[PDB]
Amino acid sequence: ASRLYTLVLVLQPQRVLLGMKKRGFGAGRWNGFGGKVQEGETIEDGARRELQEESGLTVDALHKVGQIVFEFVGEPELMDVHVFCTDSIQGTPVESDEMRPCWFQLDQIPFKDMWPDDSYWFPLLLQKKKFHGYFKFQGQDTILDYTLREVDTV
């Protein structure tokens, strides 16, 4: 019992784009752009669609970088998050009622204001490593247990 989600990081040589979510699940945290995958849509097509919806940016080629499964204790459905990166975008990041994008220098990534799992796998993303992860949360702040391993094929 898992549900597909996407997460996209626009990662350029000296900066990364994050978005501050204004409402719903994850509100108040910086994160990549993503969401649920639709019926009849490929995971990558869903990732591209969500990037546009939430940031205003058009991506063509997305690179698979990771898969992270999230368990929230007391919730039956696991979240199967497919993580992608891109360095080539078109458009200017757009702030909306749902999302405030901002560029960050790589030495200023706002980990204290991100989901806590990001502190484990974001350093792999920055060094161009691919990974498979599993994080068991209690609520939205506490990691009870986790696994995270580098892989050659996502």
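We call the rigid core the largest set of C-alpha positions that still match within 1.5 Å between the two forms. Numbering starts at 1 and follows the sequence shown.
Superposition on the core shows that, in 6 other deposited structures of this protein, the C-alpha atoms drift more in one of 42 to 50 and 93 to 101; this is 93 to 101. The PDB entry reports B-factors from which the mean C-alpha value can be compared for 116 to 124 and 60 to 68; the larger average falls on 60 to 68. In this crystal structure, the stretch out of 141 to 149 and 19 to 27 whose C-alpha atoms carry the higher mean B factor is 19 to 27. Looking at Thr86, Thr92, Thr42, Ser96, the one whose CA carries the top B-factor in the deposited record is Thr92. Among all modelled residues in this chain, the alpha-carbon of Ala1 has a temperature factor (C-alpha) in the highest third. Annotation for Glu77: CA B-factor lies in the middle third of the chain's modelled residues.
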